[PDB]
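Here's a solo chain for you in structure tokens, the form deposited in one PDB entry.
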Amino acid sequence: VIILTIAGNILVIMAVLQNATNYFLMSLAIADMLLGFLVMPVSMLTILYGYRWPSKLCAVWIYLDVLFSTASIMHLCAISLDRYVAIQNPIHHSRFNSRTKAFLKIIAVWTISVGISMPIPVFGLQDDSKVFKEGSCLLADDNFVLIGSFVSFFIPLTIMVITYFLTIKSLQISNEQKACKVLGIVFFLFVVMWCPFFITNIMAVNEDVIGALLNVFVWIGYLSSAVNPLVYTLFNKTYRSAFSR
């Protein structure tokens, strides 16, 4: 999954197709390539050593994990919200797009990503038990998980549910039907690969059963960083040719 993530994103970074909307997909592919080289391979060492953490970098590793995970989720939310306005009223969307929105959009999805994960090393790096190890380097803040995973997933999820319901409502002519199938695959994969981890994360707060469930579901969430390059790009004839060359 690590090799797949890195090899999938470094093939999308070169291919950039210099559109104002395609550059935003490079900012999404940069939030996942970093996730695939800094955060993800560290967890492979933890899997090898059986949850024992080789010590002051544990709070740093969680900071990057929350940062790149929230940066990815709101990249897809911004894409989904932008894709709805481009489909509802395309005339008024083209007038107000001067290649400054795309730079203003990268600012917004990285200000909230870095603003939500800022409590981790500013209050939690001094305390070695709040955002810190139970012997295993977990995120033991029981009140930040409830509200920090609420605005990071469930608010981007209720935004995506209304955006997806409204977009399909406004898309209903084969090209419109081909697009409706692309939205379904994109929406279904984001839910099925991130939602399983977040219900288990918050329902938890038998330990052995839940400890095994959260272990596998974490890697299902990581695996979505290998797929995001493909489902958001490879539907384009140009990208398929670019990957082959």
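Note that residue numbering follows the sequence shown and begins at 1. Here the rigid core means the biggest group of C-alpha atoms that line up within 1.5 Å when the two forms are laid on top of each other.
J.: With residue 16 and residue 17 adjacent in the shown sequence, let me know how many deposited residues between them lack coordinates: none, 1 to 3, 4 to 9, or 10 or more.
T.: Per the record, 4 to 9 deposited residues are absent between residue 16 and residue 17.
J.: Which class fits the unmodelled deposited stretch between residue 172 and residue 173: none, 1 to 3, 4 to 9, or 10 or more?
T.: In the deposited sequence, 10 or more residues between these two have no coordinates.
From this point on, the text means the form deposited in another entry, which you will not see here.
J.: Checking residue 232 here: with the core superposed, does its CA move 2 Å or more between this form and the one not shown?
T.: For residue 232, whose C-alpha is compared between this form and the one not shown after core superposition, the shift is 2 Å or more.
J.: Does residue 131 count as moved between this form and the one not shown, where moved means a C-alpha shift of 2 angstroms or more after fitting the rigid core?
T.: Superposed on the core, residue 131 moves its C-alpha 2 Å or more between this form and the one not shown.
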